[PDB]
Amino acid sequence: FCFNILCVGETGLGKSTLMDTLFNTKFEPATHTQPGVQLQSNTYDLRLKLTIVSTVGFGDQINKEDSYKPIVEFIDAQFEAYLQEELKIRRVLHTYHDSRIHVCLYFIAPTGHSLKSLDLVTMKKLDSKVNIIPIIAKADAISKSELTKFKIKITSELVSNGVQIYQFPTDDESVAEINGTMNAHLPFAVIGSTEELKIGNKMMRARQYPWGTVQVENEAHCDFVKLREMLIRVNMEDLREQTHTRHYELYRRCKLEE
């Protein structure tokens, strides 16, 4: 089974940490001096053939007008390679490793206001290219008094600009209520950590400050449990399906119209 996750965030926003938190395994930090935006892809074997693609140097340049271009270029390159597979005479679909991006986690800096202009532009031009799931990176920077207001301003920004974000399927009645809860909590206030502490008497990922210890797997501390519930076999296949029937189909319509 193939599943490819794209992480798009400003440098240092916790992309590598959050992936290690989702799968309980270790998978280098970039510099701020990169002259342009690049992407780093790594595939792991876990049953499941996971591929993690992360942006490099996103948001560090003084001029950020060309930040979306390398990401769209990479997504199209995966759309193109899959199209090359369907056009082979003696093709090997059954053994081909699907490299198309099935989900994009867009990391939003916890500013407490709304969206940055770089967030609005990049997500708007990734609208019809990938299933976008907006998350508030490093959510421990926002008090619960502000998180409610922050989530409202962000959603009002996505609606007013017509940003098409992924929605978990409510057509399946067996898990429609829990998916209706996850859709109501978007954007997910996520926290990641690569080390555990003894809280109560169960070792779990945590971040300790002089004034308290954040519990990553505690639903009252952050929405990490909500984000982890996207890896269910039903929601994970829909992201793979919604990629093939919507976003990849849009790529075909453009390549055929010419």
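Numbering starts at 1 and follows the sequence shown.
Per the record, residue 46 and residue 47 are separated by 4 to 9 deposited residues that have no coordinates. Per the record, residue 27 and residue 28 are separated by 1 to 3 deposited residues that have no coordinates.
Averaged over CA atoms, B-factors in the entry run higher in 86 to 94 than in the other of 86 to 94 and 156 to 164. Stretch comparison (68 to 76 versus 169 to 177) by mean CA B-factor in the PDB entry places 169 to 177 on top. You'll see in the entry that, of 56, 62, 52, 199, the Cα B factor peaks at 199. Among the modelled residues of the chain, residue 145 sits in the highest third by CA temperature factor in this PDB entry. Ranked within its chain, residue 20 lands in the middle third, by CA B factor from the PDB record. In the deposited entry, the Cα temperature factor of residue 243 places it in the middle third of its chain's modelled residues. Placement of the Cα temperature factor of residue 111 within the chain: lowest third of the modelled residues, per the deposited record. Among all modelled residues in its chain, residue 190 ranks in the lowest third by Cα B-factor.
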